[PDB]
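Reading through the C-alpha cells given below for one structure.
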Amino acid sequence: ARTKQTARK
Amino acid sequence: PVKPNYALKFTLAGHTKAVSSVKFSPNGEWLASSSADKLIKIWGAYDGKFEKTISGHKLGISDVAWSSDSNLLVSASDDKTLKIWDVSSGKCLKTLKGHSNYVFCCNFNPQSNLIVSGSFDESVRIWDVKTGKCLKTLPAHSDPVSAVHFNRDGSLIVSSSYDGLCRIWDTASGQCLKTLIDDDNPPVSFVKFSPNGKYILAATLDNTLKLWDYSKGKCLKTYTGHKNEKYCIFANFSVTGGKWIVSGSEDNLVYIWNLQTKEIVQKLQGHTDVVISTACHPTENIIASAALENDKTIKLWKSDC
C-alpha cells in the first residue's frame with residue numbers, strides 16, 4: 001500500500 | 001560542519017515494482033529493502049552488492065525492521081500479516097496474524113522481544129517475538145496508522161495516522177499518555193522518536209516536518225521546502241556527523257536540513273520517481289534512498305560529514 005496514494009488531502 | 005557533501009556511490013537494481021522501505025542493520029553491515037513486489041532484498045551496505053531475496057508474503061510489503069541482533073527481520077504486508085525472518089537462512093520463523101487490513105508499519109523494541117505494528121484497520125498491535133502472539137491491540141486511531149516507533153528503551157510507542165493525530169503510548173500498559181493535535185488537522189504520514197527519546201519528528205501531508213517536545217505539547221522546529229502531499233515518506237535524524245534531518249520528497253529528491261537552523265543544506269538528485277524512503281547508517285555518514293515505480297532502485301550516498 002505505501003507505494004500507492006491512500007490519504008485525504 | 002556547515003553542510004554535508006553526500007555523493008552517489010551505488011544504485012541498487014532488482015526489485016520489480018516500487019520500493020517501499022529501506023533500513024540498515026544495527027551493526028551497519030546490511031541494508032534491507034521491501035517492495036510492492038512482495039519481496040525483501042538484502043544488500044551489502046558498503047559495496048552495494050545484492051546478497052539475497054527473501055520471499056513468502058502473498059501481497060506487497062510496506063515496511064521492514066531489524067532486530068538488535070542484526071539477524072531477525074520483521075515485514076509488514078498488505079496480506080494482513082507480519083512475518084519474522086531469519087536473515088541468515090532467509091526462512092520465515094513465524095507469521096503474525098490478527099490485523100484485519102493492510103499492515104503498513106513495524107518496528108522491534110530495543111530489547112528486541114517485542115514488535116509494534118500499525119495497520120489500515122486503525123489499530124496498533126504489540127507482539128511477542130518469541131511466541132508470535134499478539135499481546136495487545138490498541139484502538140489507536142480513527143483512520144489508517146501510518147507509522148509506529150519505540151523510544152530509546154522501548155517504554156513508549158509513538159503512532160501517527162491519517163486521522164491527523166500523533167499519540168504516545170505506554171508499552172507495558174497500552175495506555176495513551178499524550179495526543180498531539182493540529183488545529184487544521186492535516187493527515188500525519190510519518191512519525192518517529194529522536195535518538196535521545198525526548199522529541200518526535202512528525203510528517204504531515206502539507207509539505208511539512210515538525211519536531212515536537214511531546215511532553216510539553218510544544219513544536220520546536222519546522223522543516224519545509226520539500227514536496228510531501230501524497231505518500232507516507234520516511235524521515236530520519238542523521239547523527240553520525242553533522243546533526244541533520246533527512247527525508248524523501250515527491251519531487252524525486254532527498255532533502256537534508258540543518259536540525260537547529262532548519263535550513264536546507266543539501267538536495268540529492270538522481271532518482272526518477274518519488275523518494276518514498278531514506279535511512280541513515282548507524283555509524284558512517286551514509287544515506288540509503290529508495291523510489292517508486294518509474295525508478296524501482298535504491299541509492300547509497302556517502303558524505304565526509
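Residues in the C-alpha cells are numbered from 1 in each chain, the chains being A, B, ... in the order shown, and ligands are numbered from 1 in the order shown.
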Expected answer as a PyMOL selection string: strand (DSSP E or B) residues in range 82-130 of chain B: chain B and resi 82-86+91-97+103-108+114-119+124-128
Residues of chain B within 9 Å of chain A, only C-alpha atoms counted, as a VMD selection string: chain B and resid 18 to 21 35 to 36 60 to 63 77 to 78 102 to 104 144 146 162 186 to 187 189 205 to 206 229 to 233 276 291 to 293
Between CA of residue 66 in chain B and CA of residue 32 in chain B - distance in Å to one decimal: 8.4 Å
Contacts of residue 14 in chain B within 9 Å, only C-alpha atoms, excl. fewer than 2 positions in-chain, as a ChimeraX atom specification: /B:12,16,41,50,296-297
Residue 238 in chain B environment, 12 Å, only C-alpha atoms, sequence neighbours closer than 2 positions dropped, as a VMD selection string: chain B and resid 4 194 to 195 235 to 236 240 to 247 255 to 259 278 to 288 303 305
C-alpha atoms of the current selection, written as a PDB file, in the first residue's frame:
ATOM      1  CA  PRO B   4      27.220  17.720   4.205  1.00  0.00           C
ATOM      2  CA  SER B 194      14.509  11.385  18.296  1.00  0.00           C
ATOM      3  CA  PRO B 195      17.602   9.283  19.196  1.00  0.00           C
ATOM      4  CA  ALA B 235      12.189  10.873   7.696  1.00  0.00           C
ATOM      5  CA  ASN B 236      15.340  10.494   9.822  1.00  0.00           C
ATOM      6  CA  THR B 240      26.937  10.370  12.722  1.00  0.00           C
ATOM      7  CA  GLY B 241      28.490  13.681  11.603  1.00  0.00           C
ATOM      8  CA  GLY B 242      26.586  16.967  11.407  1.00  0.00           C
ATOM      9  CA  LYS B 243      23.132  16.979  13.012  1.00  0.00           C
ATOM     10  CA  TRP B 244      20.666  16.772  10.127  1.00  0.00           C
ATOM     11  CA  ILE B 245      17.069  15.939   9.321  1.00  0.00           C
ATOM     12  CA  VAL B 246      16.796  13.680   6.246  1.00  0.00           C
ATOM     13  CA  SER B 247      13.653  12.968   4.182  1.00  0.00           C
ATOM     14  CA  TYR B 255      16.264  16.632   1.296  1.00  0.00           C
ATOM     15  CA  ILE B 256      18.699  17.314   4.118  1.00  0.00           C
ATOM     16  CA  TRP B 257      18.122  20.124   6.651  1.00  0.00           C
ATOM     17  CA  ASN B 258      20.193  21.570   9.467  1.00  0.00           C
ATOM     18  CA  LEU B 259      18.337  20.305  12.562  1.00  0.00           C
ATOM     19  CA  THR B 278      15.515   7.155   3.273  1.00  0.00           C
ATOM     20  CA  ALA B 279      17.691   5.621   6.014  1.00  0.00           C
ATOM     21  CA  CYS B 280      20.812   6.862   7.826  1.00  0.00           C
ATOM     22  CA  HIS B 281      23.692   4.474   8.531  1.00  0.00           C
ATOM     23  CA  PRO B 282      24.270   3.790  12.286  1.00  0.00           C
ATOM     24  CA  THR B 283      27.990   4.747  12.352  1.00  0.00           C
ATOM     25  CA  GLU B 284      29.040   6.124   8.965  1.00  0.00           C
ATOM     26  CA  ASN B 285      27.869   9.217   7.053  1.00  0.00           C
ATOM     27  CA  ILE B 286      25.865   7.051   4.604  1.00  0.00           C
ATOM     28  CA  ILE B 287      22.268   7.505   3.421  1.00  0.00           C
ATOM     29  CA  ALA B 288      20.163   4.914   1.588  1.00  0.00           C
ATOM     30  CA  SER B 303      29.471  12.248   2.896  1.00  0.00           C
ATOM     31  CA  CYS B 305      30.482  14.923   7.464  1.00  0.00           C
TER      32      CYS B 305
END
Spatial neighbours of residue 100 in chain B, 7 Å, only C-alpha atoms, chain gap at least 2 places, as a PyMOL selection string: chain B and resi 80+98+121
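The protein and nucleic acid residues lying at most 10 Å from residue 123 in chain B are residues 99, 100, 101, 103, 117, 137, 138, 139, 140, 141, 142, 143, 144, 145, 159 and 161 of chain B, with only C-alpha atoms considered and sequence neighbours fewer than 6 positions away removed.
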Separation of CA of residue 165 in chain B from CA of residue 188 in chain B in Å: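 CA of residue 165 in chain B lies at a distance of 6.5 Å from CA of residue 188 in chain B.
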Point-to-point distance in Å for CA of residue 74 in chain B and CA of residue 55 in chain B: 12.2 Å
Range 196-202 of chain B environment, 9 Å, only C-alpha atoms, sequence neighbours closer than 5 positions dropped, as a PyMOL selection string: chain B and resi 150-153+158+160+166+188-191+208-215+235-237
Restricting it to N, CA and C atoms, dump the selection as a compact mmCIF listing (two decimals), in the first residue's frame.
# COMPACT_ATOMS: atom_id res chain seq x y z
N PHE B 150 9.27 2.68 18.62
CA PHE B 150 9.54 2.62 20.05
C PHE B 150 10.58 3.69 20.38
N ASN B 151 10.52 4.21 21.60
CA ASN B 151 11.55 5.15 22.08
C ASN B 151 12.82 4.39 22.47
N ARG B 152 13.80 5.11 23.00
CA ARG B 152 15.16 4.58 23.24
C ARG B 152 15.23 3.35 24.16
N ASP B 153 14.29 3.20 25.09
CA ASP B 153 14.26 1.99 25.93
C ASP B 153 13.01 1.11 25.76
N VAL B 158 5.26 5.72 19.80
CA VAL B 158 4.59 6.81 19.10
C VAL B 158 3.93 6.26 17.84
N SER B 160 1.28 7.50 14.40
CA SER B 160 0.72 8.60 13.60
C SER B 160 -0.39 8.05 12.72
N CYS B 166 -0.96 12.42 16.38
CA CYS B 166 0.15 11.62 16.87
C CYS B 166 -0.15 11.28 18.31
N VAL B 188 -1.26 12.87 9.26
CA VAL B 188 0.11 12.63 9.71
C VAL B 188 0.60 11.34 9.03
N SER B 189 1.60 11.49 8.17
CA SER B 189 2.05 10.42 7.28
C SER B 189 3.27 9.67 7.80
N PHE B 190 3.93 10.21 8.82
CA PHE B 190 5.09 9.54 9.40
C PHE B 190 5.41 10.14 10.76
N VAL B 191 5.96 9.33 11.65
CA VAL B 191 6.48 9.83 12.92
C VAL B 191 7.56 8.89 13.45
N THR B 208 5.25 19.49 5.25
CA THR B 208 5.85 19.97 6.49
C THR B 208 6.35 18.82 7.36
N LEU B 209 7.56 18.98 7.89
CA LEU B 209 8.08 18.17 9.00
C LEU B 209 8.16 19.03 10.26
N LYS B 210 7.79 18.44 11.40
CA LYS B 210 7.80 19.17 12.67
C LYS B 210 8.46 18.35 13.77
N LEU B 211 9.33 19.02 14.52
CA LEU B 211 9.95 18.45 15.71
C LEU B 211 9.19 18.92 16.95
N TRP B 212 8.68 17.96 17.71
CA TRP B 212 7.85 18.26 18.88
C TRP B 212 8.49 17.78 20.16
N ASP B 213 8.46 18.61 21.21
CA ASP B 213 8.58 18.13 22.58
C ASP B 213 7.19 17.62 22.96
N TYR B 214 6.99 16.29 22.95
CA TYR B 214 5.65 15.72 23.14
C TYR B 214 5.13 15.86 24.57
N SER B 215 6.03 15.85 25.55
CA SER B 215 5.63 16.03 26.96
C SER B 215 5.05 17.41 27.25
N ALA B 235 11.21 9.84 7.38
CA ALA B 235 12.19 10.87 7.70
C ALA B 235 13.13 10.35 8.78
N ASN B 236 14.29 10.99 8.93
CA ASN B 236 15.34 10.49 9.82
C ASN B 236 16.09 11.61 10.52
N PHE B 237 16.67 11.29 11.67
CA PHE B 237 17.71 12.11 12.27
C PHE B 237 19.05 11.55 11.80
